[PDB]
Amino acid sequence: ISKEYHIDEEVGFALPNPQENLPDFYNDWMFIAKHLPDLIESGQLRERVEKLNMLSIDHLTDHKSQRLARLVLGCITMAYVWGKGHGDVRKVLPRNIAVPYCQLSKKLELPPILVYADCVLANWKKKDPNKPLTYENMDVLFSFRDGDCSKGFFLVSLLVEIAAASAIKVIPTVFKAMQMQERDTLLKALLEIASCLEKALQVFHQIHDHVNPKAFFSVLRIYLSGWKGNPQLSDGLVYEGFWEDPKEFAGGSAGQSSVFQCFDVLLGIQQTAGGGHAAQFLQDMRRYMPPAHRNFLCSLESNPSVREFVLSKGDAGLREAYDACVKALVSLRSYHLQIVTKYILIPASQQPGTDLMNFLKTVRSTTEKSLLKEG
Amino acid sequence: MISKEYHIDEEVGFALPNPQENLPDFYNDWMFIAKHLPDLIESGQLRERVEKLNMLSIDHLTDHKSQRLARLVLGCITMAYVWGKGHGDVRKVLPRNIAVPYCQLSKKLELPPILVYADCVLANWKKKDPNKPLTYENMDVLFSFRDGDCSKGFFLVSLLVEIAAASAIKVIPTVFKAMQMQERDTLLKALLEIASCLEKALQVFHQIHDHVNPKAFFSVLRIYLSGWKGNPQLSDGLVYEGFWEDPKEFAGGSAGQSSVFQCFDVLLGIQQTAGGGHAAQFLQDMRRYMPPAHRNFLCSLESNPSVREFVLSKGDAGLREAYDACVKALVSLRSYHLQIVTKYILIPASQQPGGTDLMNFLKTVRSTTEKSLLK
Ligand SMILES: CC[C@@H](NC(=O)c1ccc(Cl)cc1)[C@H]1[C@@H]2C[C@@H](Oc3ccnc4ccccc34)C[C@@H]21
Ligand SMILES: CC[C@@H](NC(=O)c1ccc(Cl)cc1)[C@H]1[C@@H]2C[C@@H](Oc3ccnc4ccccc34)C[C@@H]21
């Protein structure tokens, strides 16, 4: 894989060893971002952001410091917009934060809202660098509220991204085997991908130890929410000093994960084909991924179809191995639907989530229908 | 210099070189209807003739050129059938005999089952005399809808603009090689060469006034190019009988489906698809209405390093001037397009007892182009 796609041998689409501290110049951003639970509870978040001077982004020289700054400002933005998460909202992001956040956003080519790539892919650290990438040796950099289970939700997502990284590095082998007409290597490679996505499902299981349904639904979900098709901000958000009209941007989503999409693309499971809402949504989320990763996806599409290759050969072993990859994705979707019932639907029904359920039902359905032989 | 997998011709660029006029005998029934659309629509014979067709297999369309002609054929028939005489009586259902093969062929070519720019411009032409050049006077379209519809003018002037732009497309490898090799003089020359062709392409655009009449365009041709995405006349889309039980929405023909309309923006790092705006949304969506080879090309352009960041980093007035000349030439093309939309859509509409949408789209594209100036 070309290093120009920003994919790591070890952590895959995750930003390897993200930067924790910014330059001292940015101490005022860092303070607020580091103390969102405390500032929100004390009712001083909106006051502190308003007392900020407009800082230059020019001292953010490298990619990682720029990415750290995006996480910092995106979390501050979510805290500023949503407040205590009980309906009192702001519809104007002040210039002192809005301007540099948008400057930095345009430069990195992400929209100025917190995305998956901020709060999962850049939002982590090893505790001891020598010790391996395990939950106990890891931690998130930023959270919204005390008891929000943001560490669990984000790190468990990150660990799935990492798990899937072992499959990602096999992708080159697949197209090379196709180009070379090397059937045995193709078979071996597809089995290895299947094996890696199976492992990734076991990593997904860890969620239950680190996230409870009430804390996620009643708190965390709120702070990840966006302002595209949201009654609370019908027309979107005003980035004072940068854009004159309010702009709409979608909130965080698993559809923003590149591993959530790349294996569908690999296997010719045409998730973005046809006019359907799920397809549209999945394509739209490419623009919420970093450009290099967005580029990885559409360049996978430009390569020849693994599916048509496999369909044409009259080779049961190849078909089995292709199906094993597909089956593994079905399993990941099914497990996700279970997680959506426990963490969204049930909590919702108790008060005096369905779109995500149906979205995932469609994604699972499309995945399952791309099997060559039934699972 | 440009890979053949991207289906770009050196002479005609994104246009299908030397398009096919006649399909196999097996499809004489498709061809009779398509070649006589003016007579069959006016006389109200069109719909019955389509209705009495037998469902032909797409297996006998062997080569890409014949496969593309067949789309041009079925696409026009589909618009005729849907819109009829263009007076408001429409068909919410496309019959299985035509719909099944059109959908099967569409899936095969990775295009949606609706007439697109690549059908009715890039594949809808012939030379009168092969020995004489690619000029309006030596050329003809293959299919029109109605008498007096100016489809010759509208389609061929679009094609000639595509062809004029082809001169610049072949310089794209020079640009990327020059960056990689750190060849400043080559890059300057290359950018100036690109700006020269886009300036030329603007003068080719001026011909539209000689061959196209506002009334005829607005009241006749525009109706046959309309699709069924966000259209009050088919609110749920069209039923493709036999293929889907539910009606699917698809957008009508558009300049945003032209690959040259998009590719130089990408080249020059103008982020027309950035932000969550409507114009950016549309341009991305229209990539899936381009032939997949051309869709891929735009994707590989995106994935290459930024010409804009290169010119900006270098601190070189000459390079900046040569880059700005390319941007200035794109601005002029959008400005000219807007004047045409005023003449051909806005004014006619004012006299009649989504022109504003197309104007706003173009205004957003022009604005974004202007903002990429360096001076
Ligand atoms: C708490 C965990 C949950 N996380 C989120 O939903 C999430 C949502 C918004 C944000 Cl801002 C951050 C995280 C879960 C991760 C891993 C999950 O992986 C996958 C699911 C389904 N299919 C797949 C096919 C291939 C590869 C991975 C897949 C998606 C997502
Ligand atoms: C009647 C002509 C007009 N045609 C159409 O709008 C048209 C619309 C729908 C269909 Cl089904 C067929 C044609 C015009 C062509 C060439 C026009 O080129 C360009 C405009 C603006 N900017 C540009 C920047 C770079 C390169 C080309 C550009 C676009 C479009």
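These protein sequences, in sequence, are chains B and A.
With the entry's author numbering applied, the first sequence covers 11 to 362, 381 to 403.
With the entry's author numbering applied, the second sequence covers 10 to 362, 380 to 401.
Even for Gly, the Cβ is constructed at its ideal location relative to N, Cα and C.
Under 7 Å from the C-beta of residue i: neighbouring residues of chain B
i: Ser309/A; result: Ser309 and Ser312
i: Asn31/A; result: Neighbours of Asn31/A on chain B: none; closest Cβ ~29 Å, over 7 Å.
Beta-carbon neighbours of residue i, restricted to chain A and to distances below 8 Å
i: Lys257/B; result: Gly284, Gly285 and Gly286
i: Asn147/B; result: Ordered by position in chain A, no residue passes the 8 Å Cβ test against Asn147/B, which lies about 34 Å from the chain.
i: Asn305/B; result: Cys308, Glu311 and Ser312
i: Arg58/B; result: None at all; the shortest Cβ gap to chain A is about 28 Å.
i: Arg77/B; result: In chain order: nothing, as chain A lies at least about 17 Å away.
i: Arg343/B; result: In chain order: nothing, as chain A lies at least about 22 Å away.
Chain A contact residues for residue i, given Cβ-Cβ distances below 9 Å
i: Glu119/B; result: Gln280 and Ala283
i: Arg392/B; result: By Cβ distance, chain A contributes nothing, its closest Cβ being about 19 Å from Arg392/B, past 9 Å.
Expected contact under 8 Å - CB spacing of residue i and residue j to nearest Å
i: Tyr111/B; j: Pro122/B; result: 5 Å
i: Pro357/A; j: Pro223/A; result: 5 Å
i: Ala175/B; j: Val21/B; result: 6 Å
i: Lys179/A; j: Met10/A; result: 7 Å
i: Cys206/B; j: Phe164/B; result: Not really, about 21 Å apart at Cβ, beyond 8 Å.
i: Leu400/B; j: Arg329/B; result: 5 Å
i: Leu124/B; j: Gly84/B; result: 3 Å
i: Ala334/A; j: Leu201/A; result: 7 Å
i: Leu114/B; j: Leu70/B; result: 7 Å
i: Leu62/B; j: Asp38/B; result: 6 Å
i: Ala338/A; j: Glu208/A; result: 5 Å
i: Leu49/A; j: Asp158/A; result: The Cβ separation is near 14 Å, so there is no contact.
i: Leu151/B; j: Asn133/B; result: 5 Å
i: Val391/A; j: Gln281/A; result: 6 Å
i: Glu171/B; j: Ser315/B; result: The Cβ separation is near 25 Å, so there is no contact.
i: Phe35/A; j: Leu81/A; result: That belief does not hold up - the Cβ atoms of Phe35/A and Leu81/A are roughly 17 Å apart, past 8 Å.
i: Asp156/A; j: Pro47/A; result: 5 Å
i: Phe214/A; j: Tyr345/A; result: 6 Å
i: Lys74/A; j: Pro28/A; result: 7 Å
Listed by chain order, chain B residues near residue i by CB distance under 9 Å
i: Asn386/A; result: Result: empty, since nearest Cβ-Cβ is about 12 Å, beyond 9 Å.
Within chain A, partners of residue i - CB distance below 7 Å
i: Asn37/B; result: Result: empty, since nearest Cβ-Cβ is about 29 Å, beyond 7 Å.
i: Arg317/B; result: None at all; the shortest Cβ gap to chain A is about 13 Å.
i: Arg80/B; result: Under the 7 Å cutoff, chain A gives no residues; its nearest Cβ is about 15 Å from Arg80/B.
i: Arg329/B; result: Per Cβ cutoff of 7 Å: no residues; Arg329/B is ~21 Å from chain A at best.
i: residue 3/B; result: Since the first residue of chain B shown is 11 and the last is 403, residue 3/B is not available in this structure.
i: residue 370/B; result: Inspection of chain B shows residue 362 followed directly by residue 381; residue 370/B is thus not represented.
TODO: Scan the stretch 228–246 of chain A for residues whose Cβ lies nearer than 7 Å to a Cβ of chain B and list them as they occur along the chain.
DONE: none
Open item on the list: Any residue with its Cβ nearer than 6 Å to a heavy atom of ligand 2 should be included. What is that list in chain order?
Closed with: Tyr126/A, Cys129/A, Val130/A, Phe163/A, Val166/A, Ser167/A, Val170/A, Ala174/A, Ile217/A, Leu234/A, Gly262/A, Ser263/A, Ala264/A, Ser267/A, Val269/A, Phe270/A, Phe273/A, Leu339/A, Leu342/A, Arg343/A and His346/A
Open item on the list: I'd like the ranges of any alpha helix (DSSP H) spanning at least 4 consecutive residues and lying wholly in the stretch 52–77 of chain B.
Closed with: 55–61
Open item on the list: Short of 7 Å Cβ to Cβ, which residues in the stretch 123–156 of chain B face chain A?
Closed with: none
Open item on the list: Give the list of continuous alpha helix (DSSP H) stretches no shorter than 4 residues that lie fully inside the stretch 78–153 of chain A.
Closed with: 105–118 and 126–129
- [ ] Any chance you could list the alpha helix (DSSP H) runs of at least 4 consecutive residues sitting entirely within the stretch 240–301 of chain A, in chain order?
- [x] Entirely contained in the stretch 240–301 of chain A, the alpha helix (DSSP H) runs reaching 4 residues are, in chain order, 268–276 and 287–294.
Open item on the list: As an exercise, report each continuous alpha helix (DSSP H) stretch of at least 4 residues that is fully enclosed by the stretch 178–244 of chain B, in chain order.
Closed with: 181–189, 193–214, 217–220 and 231–234
Open item on the list: Tell me which residues of the stretch 87–101 of chain B have at least one Cβ-Cβ distance to chain A shorter than 7 Å, keeping chain order.
Closed with: Cβ contacts with chain A: none found.
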